[PDB]
Structure formats: structure tokens, C-alpha cells
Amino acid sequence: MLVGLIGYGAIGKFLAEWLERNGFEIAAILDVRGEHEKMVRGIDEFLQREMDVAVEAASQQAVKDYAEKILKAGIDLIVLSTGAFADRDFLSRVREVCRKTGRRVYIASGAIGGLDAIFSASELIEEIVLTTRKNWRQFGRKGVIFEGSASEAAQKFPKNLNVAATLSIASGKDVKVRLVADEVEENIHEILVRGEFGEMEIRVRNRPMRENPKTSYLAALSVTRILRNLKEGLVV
């Protein structure tokens, strides 16, 4: 399988090795910084290579800048910076493109688990709340950093809070979000969901990636699930 990588940071570096290690072939790697045998600097160079799928592990802006071009080029897209879709108009436009091109956009499960159950019961969800606890240093302050809706959070926290965006897309609800800055060495996400289906609680304590403590290692791993599902018979 031919895979193109957009973003060669903490997640991209990991994925590049994972691909080479798991029999995958790297078509190209797009990034403004960094070095690699398959590295390119512009989306045009990137799209000249034939590839079965492209993985976005760069930023929300990258999704907005490249998503449509990649899909129109006949390539499916795995997205990690799902926060880009917090913009309803963009999300709709992207869904429109998929419709006409027959292309697909895969939402990586990212730094949490349980998206499967949540999407399954979306029609019957009555209440869903996300509480995130991460190291205060980035916020330069400890305590409750934000408490409100995911849409509002997206406004005051661009290029971050992708989990909230993904949960909103999966549930079809404007997820309640509470962001906490604490003296924690792990990235913690806790989700509570209630509805006609019953109740479910999900708690994830993520080990941060060395190259970027802001990103949960599980988020990089979530991409490998999708890549494996594309290649194998049994899909989970």
C-alpha cells in the first residue's frame, strides 16, 4: 500500500518508521521543515506521487488548505486535525466533494477510545460531556482553563481540541467541554454519555509523545488502526 504523509512532526516521524517497519511504502512526505528521502515542500509535489491514501498529521489549517485538492486528486484522506471541521461550512464543502468524487475522509479516533460506541448511539444521545486534564505549562496557568460548548472552545482554542471536534461530529451534539491545566505528566480525557441506549463512561490516561508533549501517543497509533483496516480482511 502506498501512503502519503502530510506533517513530519512527532506523529509524522513515528508513522514514517511504522510504515517502513510494517511493509508499507511511503509515496511522499509533505512538510515545510525537516528532512527525509521522500520529503517535499509543497502540496503540488506531494500530489504528483500516486498513492492509495494520504494521512494528515500537521495542523487544522493544513486540512483546510489541502483536503479538497487531495480528494479531487483521487486520494482518500485520514484526518487527525479534526478541529478543522469545527467550521461547519468547510465540513459541508468537504462532504460535498466526497459525494461527487466518491472519495472518503477518515476521522482518526485520535487520543480517545469509544468513538465507535458514541457514533453507534448518536441518534439516542441526550447528554455528552468531555473533561480534559493536561500539563499546565503550555497554558502558563493551572486551574479551569475553559468550560463551555465544543463550538465555543474551538473559537478560543484554534489548532487544538480536536477530540472535542471529533466527539461533536460523532455524537451530532455540541459537546460540553471542560479543559483543566494541572501538574500532570499524562494527557487525560474523560467522556460521559447518556441516552436512550443507556450510559457509558470513557477514561483515557495518555502517555505524551516526546517530540510534542501536547500530543497523546495513542493519537499517532490511531492512524495505524485505519491503515491496517484498509489493508486487511477483518476490520475493527
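Residue numbers here begin at 1 and follow the sequence given.
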item	value
Higher-scoring stretch by recorded Cα B factor average, 188 to 196 or 22 to 30	22 to 30
Mean C-alpha temperature factor, higher of 178 to 186 and 197 to 205	178 to 186
Residue selected from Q138, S120, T131, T82 by maximal Cα B factor	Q138
Out of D76, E147, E127, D116, highest CA B-factor residue	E147
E56 by Cα B-factor - lowest, middle or highest third of the modelled chain	lowest
B-factor third for the C-alpha atom of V3 within its chain	lowest
Among modelled residues of the same chain, the CA temperature factor third for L91	highest
Within-chain third of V97 by Cα B-factor, per the entry	highest
Chain third (lowest, middle, highest) by recorded CA B-factor, residue given as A154	highest
